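**Q**
Residue numbers (the numbering used here): 66 to 132.
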């Protein structure tokens, strides 16, 4: 993610922001879903942890930027 932030800076684009939704899924299946917005675009990922969801969000974010 740090590399993506560096690229954002180098491209002189607006800094990325994250919106974390918690308590996703069943009470016994605590998942997390995090969306990431940057410049004009926004992509969202999810996983078993905030780390996973965040990384996936940023990953998809980059893919969208390069789409």
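Each residue gets a CB set at the ideal place from its N, CA and C atoms; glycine is no exception.
(1) In whole angstroms, give me the CA-to-CA distance for residue 71 and residue 107.
(2) Pull the bridge partners of residue 100 from the DSSP assignment, please.
(3) For residue 110, which of 120, 91, 104 has the nearest alpha-carbon?
(4) For residue 98, count neighbouring Cβ atoms within 10 angstroms of its own Cβ and tell me buried if that reaches 16, exposed if not.
**A** Concretely, from the data shown:
(1) Indexing the chain shown from 1 puts residue 71 at position 6. Indexing the chain shown from 1 puts residue 107 at position 42. Each residue's Cα considered, the two are about 18 Å apart.
(2) Residue mapping note: residue 100 aligns to position 35 of the chain shown, counting from 1. In the DSSP output, where bridge partners are listed per residue, residue 100 has 84, 109.
(3) Counting from 1 along the chain shown, the entry for residue 110 is found at position 45. Here the closest residue by C-alpha is 120.
(4) Here residue 98 refers to the residue found at position 33 when the chain shown is read from its first residue. Residue 98 should be labelled buried.
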